[PDB]
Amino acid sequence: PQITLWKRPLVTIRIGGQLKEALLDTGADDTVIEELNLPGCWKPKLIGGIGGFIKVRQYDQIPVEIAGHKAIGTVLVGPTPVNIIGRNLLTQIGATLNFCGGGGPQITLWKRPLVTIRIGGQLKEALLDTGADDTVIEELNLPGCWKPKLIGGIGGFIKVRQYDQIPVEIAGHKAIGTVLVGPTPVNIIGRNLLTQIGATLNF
């Protein structure tokens, strides 16, 4: 299918014999599912997100059916806020990111989808994150008026400054919209701007 990003890219998955809902997340290295029992041996691991680090159980070689496409790989189980399918399984089902419906660059997901953006007259690297509702940029002295906001994800919440109607060029594509500034480890381009550049998931 081709999936646009006007809404969250939520799909049904089958895992351990049971159906769950999960978000197709290009900003996630790994697949993370809410606490559940899985048949297997597991081992403890720690993973991080926008809000810090959490402890998870790592299960290897778990079969997962994702909107009808088969994958067999690593699944992490823990207190994630949202079930997410990350790049480790997206690559298995042949998922790519495509601009302008496939007329623009195609980005594979073997590595993190990092691209060059321009914002406030600065060039920066940013992650294309289909699991992010909003765009979050590293501490930057952006001029303008703003309002406080808290945003969350794996690990909890951070406080950010919300600026509206900020122009942002993404791999040469112009966009304009809301940008959140705060202490993120990685600059993230979220759906609010991805939709403006015609980005789709395809598999």
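A residue's number is simply how far along the shown sequence it sits, counting from 1.
With 33 to 41 and 151 to 159 compared on mean CA B-factor from the PDB entry, the stretch scoring higher is 33 to 41.
When the mean C-alpha temperature factors of 111 to 119 and 98 to 106 are read from the deposited coordinates, 98 to 106 comes out higher. Among the modelled residues of its chain, residue 172 has a C-alpha B-factor that falls in the highest third according to the deposited record.
In the PDB entry, a CA B factor belonging to the middle third of its chain's modelled residues is recorded for residue 187. Residue 19 sits in the highest third of its chain by CA B factor, as recorded in the PDB entry. Ranked within its chain, residue 63 lands in the lowest third, by CA B factor from the PDB record. Sort the modelled residues of the chain by CA B factor and residue 135 lands in the middle third.
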